[PDB]
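Each chain, written out:
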Amino acid sequence: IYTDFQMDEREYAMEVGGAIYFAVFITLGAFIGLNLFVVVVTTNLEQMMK
Amino acid sequence: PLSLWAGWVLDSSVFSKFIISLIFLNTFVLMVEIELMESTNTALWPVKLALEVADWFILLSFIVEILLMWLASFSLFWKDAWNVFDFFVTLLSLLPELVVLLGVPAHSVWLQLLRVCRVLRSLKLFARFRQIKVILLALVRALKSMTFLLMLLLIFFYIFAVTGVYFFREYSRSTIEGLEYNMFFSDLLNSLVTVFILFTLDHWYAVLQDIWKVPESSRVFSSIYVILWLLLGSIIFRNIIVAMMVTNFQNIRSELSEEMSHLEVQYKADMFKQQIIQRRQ
Amino acid sequence: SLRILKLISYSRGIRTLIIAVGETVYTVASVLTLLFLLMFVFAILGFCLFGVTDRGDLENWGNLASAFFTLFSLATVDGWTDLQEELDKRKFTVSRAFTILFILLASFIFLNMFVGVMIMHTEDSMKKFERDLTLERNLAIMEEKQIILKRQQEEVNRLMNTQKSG
Amino acid sequence: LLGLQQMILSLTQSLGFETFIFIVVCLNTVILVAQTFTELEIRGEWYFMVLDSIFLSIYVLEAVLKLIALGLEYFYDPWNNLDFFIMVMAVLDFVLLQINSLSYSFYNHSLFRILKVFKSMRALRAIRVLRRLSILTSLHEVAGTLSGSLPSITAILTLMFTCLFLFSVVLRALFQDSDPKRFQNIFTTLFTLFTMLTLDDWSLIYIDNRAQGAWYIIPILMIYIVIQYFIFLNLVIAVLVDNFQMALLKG
């Protein structure tokens, strides 16, 4: 996908802005989702040990 | 003077503000100069040279900083805490001036390593916050607790890598013209690199399809070996390290809670003895 | 490498770590059996969805071993983009929905369940060991205090006896 | 029209803000989710921006009412500050389209996309003001327990920013005259570092750097990758696990 939207202007264009926007969105969403998943799992396993 | 002057310039807020301002100005200026060193803008060429020479002036400020450090305990400071590492980094950052004055840097200059060393020293001596130092203390005590788990990790890496050296031997040592992952399994260091790649688990599907160009000998031993190695090593090691990390957080919080409980018990005893003293009077 | 394993069979510290993590063998075997059952279910599903029609997609959802390896790759994160680009051209629009459902089930369940299970197991296994060590230190401390008290009582009794006899 | 106007504005603001704002914002988000919808814009594209401008006029009426209202207490609310910023950009792009003439480029330019993402965050504001009722207590509690430990995650993301900037600086320094076409500038260098952190074709980078003459850059990149990846995931996973774990230990 990075090569797919590459070469908008070859210097900045939207290739800087939109890319950093959805990149920080991707990293935040992925970290939050993985953390929430492991949190729910360890929560229900603490319920199991209780 | 001497130590008294050093204490005064450490206590004065104007000197601290000036040095931190120079530090973050130098860090901001540093990566600008590497962008363009050509005649694209003939008006800004002398001021860019003046900015590089302002960086040289920041290095001179580092020499007068180590003069203020000589005003301190002098010979006792040669073996100390991270301040001696900072002194060594400042010496390594003074070194490029000497190696461009007399070294003729048309060679392996290694100026970039010293530059990034002084950059990391500036990024560490930035008046780190309380919320940085608490998690840094947690991280350093975690790496102190990293005693035997790391040798277990490296020795399992060692045994599995040297096992997998001569398993897909007919991958790199084959006469197939069209292949592009043959470099992965050629050398022992290459074997270390490729089993590290398998450990990080990136494009393991593509790696398996590229090794599939080897004549398929009913996959009875090799493919199951590499798949079991990557799966077991990745999940087991990531899992034991995260389990020990949450255990470190658990015992840190348990120590904090028991300290607070002891403080509350001591306060209760203090107030009880205050009532005792008041009745005794 | 087996000889090197015999070398590392020493180090009583590693042996204590092995003992401390050795009670989770049944748990990891149970999760492995669950994950194997999930591979079997989606193996027969992927075969029935893409290999019986025999209009392409061979050696990905076709032969059993290649199908199993592709399912393992899809349960991991690797190769999913190229696998999706391979499967969306086989005139099966719901294949993409089935594969993303398989990802959000298998990858999340396996990874998160394993990390949670091992995190609780190691936490509760370390907790009892540390509690027992602190308890043994406590018994040693009380034994030392009782020895000191007995020595003080014996000294007081000897002093009183010497005072009475002198 | 002093304090008397203020209290009349308060009571009638409660009433008309409950009644009028809800229905017009519901219609605004209905027409906006019909607007985005990249199939039905060709079934339209003329009944779309007229309604968009009409509801932008409704939103600037909301801004006028909030400006004539109590003022500083409204400015204290960060969401209302975002509303003020929204309406500043909305009146800016509205008058920019209204004046016409001009001397710069047009016909779906980067400025037009800036106005489009402004319309998008206006739609986000409409969504966030429709959820005054029934946000659901289960996910309310989940969001509160997630947002409880904010200093810790800010500290850890600051440590990432420092470490990633250091790694990008050293990689750009060691990659001079080393086919830097993929990372020739600041943005591309930091994007390659982001891919490096997010495990995207670093094996490919190793195999196409072996085609080059430099080999020692691969162990350095490898060790930086593993230390930053281990340290960050482990820190955040443990931090958020405990962050929900004291909430678990409580009621």
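Residues numbered from 1 in each chain as written, not as in the entry; some residues may be left out. Chains lettered and ligands numbered in written order. Part of a larger assembly, values for the part shown. Heavy atoms only, no water.

This entry, as listed in the PDB, derives from cryo-EM and reports a resolution of 6.8 Å.

Asker: Quick question: what am I supposed to make of the overall build of chain A here?
Answerer: Along its length, chain A carries one helix and zero strands. Principal-axis analysis of the C-alpha atoms places the extent of chain A at approximately 60 × 15 × 10 Å. The 50 residues of chain A split such that 30% are buried. Surface exposure of chain A reaches about 3500 Å², of which carbon and sulfur atoms provide 70%. (Helix = DSSP H or I, 4+ residues; strand = E, 2+ residues; numbered from the N terminus. Buried < 20%, exposed > 50% of the residue type's maximum accessible area, 1.4 Å probe, protein only. Areas by Shrake-Rupley, 256 points an atom, 1.4 Å probe, with all protein chains shown as cover.)

Asker: Help me out: how do you make sense of the arrangement of the chains in this one?
Answerer: Highest in contacts among the four pairs of chains that touch are chains B and D. There is a gap between chain A and chain B: no contact, and a shortest C-alpha distance of 11 Å. Of all C-alpha pairs spanning chain C and chain D, none lies closer than 10 Å, and the two are not in contact. (Contact = heavy atoms within 4.5 Å.)

Asker: Whenever I open this one, helix α1 (residues 17-49) of chain A confuses me. Can you help?
Answerer: Residues separated by three or four positions in an α-helix point in the same direction, a consequence of the helix having 3.6 residues per turn. For α1(A), which comprises 33 residues, the first-to-last C-alpha distance of 48 Å matches the rise-based estimate of 48 Å (1.5 Å per residue) to within 8%. Of the residues making up α1(A), those classed as buried are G17(A), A19(A), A23(A), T27(A), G33(A), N35(A), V38(A), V39(A), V41(A), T42(A), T43(A) and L45(A). Tucked inside the fold, the buried residues of α1(A) contact α6 (94-165) of chain C together with α8 (186-197) and α10 (217-249) of chain D. (Expected span 1.5 Å × (residues − 1).)

Asker: Which parts of the structure should I look at to understand the interface of chain B and chain D?
Answerer: By a widely used convention, the size of an interface equals the accessible area lost when the partners come together. Contacts between chain B and chain D engage 32 residues on the former and 32 residues on the latter. Together chain B and chain D conceal approximately 3100 Å² of surface at their shared face, both sides included; 76% is due to carbon and sulfur atoms. Considering only the side of chain B, the residues that lose the most area to chain D are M31(B), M183(B) and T200(B), jointly responsible for 15% of the buried surface there. The tally of links from chain B across to chain D stands at zero salt bridges. The tally of links between chain B and chain D comes to six residue pairs in polar contact. Those elements giving two or more residues to the side of chain B that touches chain D turn out to be α5 (111-124), α6 (130-145), α9 (188-200) and α11 (222-280) of chain B. Top contributing element to the side of chain B that touches chain D by residue count: α11(B), with seven residues. A class-by-class count of the residues in the side of chain B that touches chain D yields 21 nonpolar, six polar and five charged. (Buried area = accessible area lost by both parts, 1.4 Å probe. Salt bridge = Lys/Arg side-chain N within 4 Å of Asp/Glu carboxyl O. Polar contact = N/O pair within 3.5 Å; in protein donor to acceptor, adjacent residues only side chain to side chain. Nonpolar A, V, L, I, M, F, W, Y, C, P; charged D, E, K, R; others polar.)

Asker: Sorry if this is basic, but what is going on with the interface of chain D and chain A here?
Answerer: Each partner contributes residues to the interface: chain D has 17 residues there, and chain A has 21 residues. Summing both sides of the interface, chain D and chain A together bury roughly 1800 Å²; the carbon and sulfur share of this comes to 78%. Of all residues in chain D, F187(D), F191(D) and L248(D) bury the most surface against chain A, accounting for 30% of the area lost on that side. The tally of links between chain D and chain A comes to zero salt bridges. Sorting the residues of the side of chain D that touches chain A by element identifies α5 (110-130), α8 and α10 of chain D as the ones contributing at least two each. When residues of the side of chain D that touches chain A are assigned to their parent elements, the largest contribution, seven residues, is made by α10(D). Looking at side-chain class alone, the side of chain D that touches chain A contains eleven nonpolar, four polar and two charged residues.

Asker: Which parts of the structure should I look at to understand the pattern of salt bridges?
Answerer: Pairs may arise between side chains of opposite charge once their charged atoms sit close together. Applying the stated rule across the entire model yields seven salt bridges over all chains. Across the salt bridge formed by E155(C) and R151(C), the nearest N and O atoms sit 3.8 Å from each other. Residue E155(C) and its partner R151(C) are both found in helix α6; the two are separated by four residues, about one turn of the helix. With a shortest N-O distance of 3.8 Å, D93(D) and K119(D) are connected by a salt bridge. In this pair, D93(D) is assigned in helix α4 (residues 78-99) and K119(D) in helix α5, connecting sequence segments 26 residues apart.

Asker: Explanation requested: the packing of aromatic side chains in the structure shown.
Answerer: The geometry of an aromatic ring pair comes down to the distance between the two centres and the angle between the two planes. All names here are of chain C. In this structure the tally under the stated criterion is 36 aromatic pairs over all chains. Centroid distance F40 to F68: 6.2 Å. Interplanar angle 75 degrees. Geometry classified as edge-to-face. Taken as a pair, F40 in helix α3 (residues 25-51) and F68 in helix α4 (residues 64-75) lie far apart in primary sequence, 28 residues in all. Among the residues examined, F40 registers a relative accessible area of 57% and is labelled exposed. (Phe/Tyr/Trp six-rings, centres within 6.5 Å; stacked < 30°, edge-to-face > 60°.)

Asker: In this structure, what is going on with the side chain of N239(B)? I would like to understand it.
Answerer: Relative to the elements of secondary structure, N239(B) occurs in helix α11. Its relative accessible area of 1% is what places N239(B) among the buried residues. With residues up to four places along the chain from it excluded, the contact list for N239(B) reads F114(C), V115(C), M118(C) and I119(C).

Asker: Can you walk me through α5(D) in this structure?
Answerer: Residues and elements named next belong to chain D. With 21 residues, α5 extends 30 Å between its outermost C-alpha atoms, agreeing within 8% with the 30 Å of an ideal straight helix rising 1.5 Å per residue. Among the residues making up α5, those that are buried are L115, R122, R125 and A126. Projected down its long axis, α5 shows its buried positions confined to an angular sector of 100 degrees, all on one face. Elements that come into contact with the buried residues of α5 comprise α1 (3-36), α2 (49-68) and α4. (Arc of directions from axis to C-beta.)

Asker: How should I be thinking about the packing of α6(B) against α11(B) in this particular structure?
Answerer: Geometry of a packed helix pair, given as the angle between the helix axes and the separation of the axes. Residues and elements named next belong to chain B. At a minimum axis distance of 11 Å, the contact between α6 and α11 shows a crossing angle of 120 degrees. When the interaxial angle is binned, α6 and α11 end up oblique. For the pair α6 and α11, the sense of crossing is right-handed. Contacts between α6 and α11 involve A138, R141, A142 and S145 from the former and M244, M245, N248, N251 and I252 from the latter. (Axes fitted to C-alpha atoms, helices over the stretch in contact; angles between N-to-C directions. Parallel < 35°, antiparallel > 145°, perpendicular 65-115°, else oblique. Left-handed = near helix turned anticlockwise from the far one by under 90°.)

Asker: What am I meant to see in the UniProt feature "intramembrane region" in chain B here?
Answerer: UniProt tags residues 187-199 of chain B as "intramembrane region". Here residues 187-199 of chain B is 92% helix and 0% strand, with 18 Å between the C-alpha atoms at its ends. (UniProt positions renumbered as here; feature names shortened; annotations may be inferred.)

Asker: What should I look at first to understand the UniProt feature "transmembrane region" in chain B in this one?
Answerer: Residues and elements named next belong to chain B. Under the present numbering, the feature "transmembrane region" in UniProt falls on residues 14-36, 46-71, 81-105, 109-127, 145-167 and 220-246. The span residues 109-127 is 74% helical and 0% strand by assignment, and the distance between its end C-alpha atoms comes to 32 Å. End-to-end, the C-alpha atoms of residues 220-246 are 39 Å apart, and along that stretch the chain is 93% helix and 0% strand.

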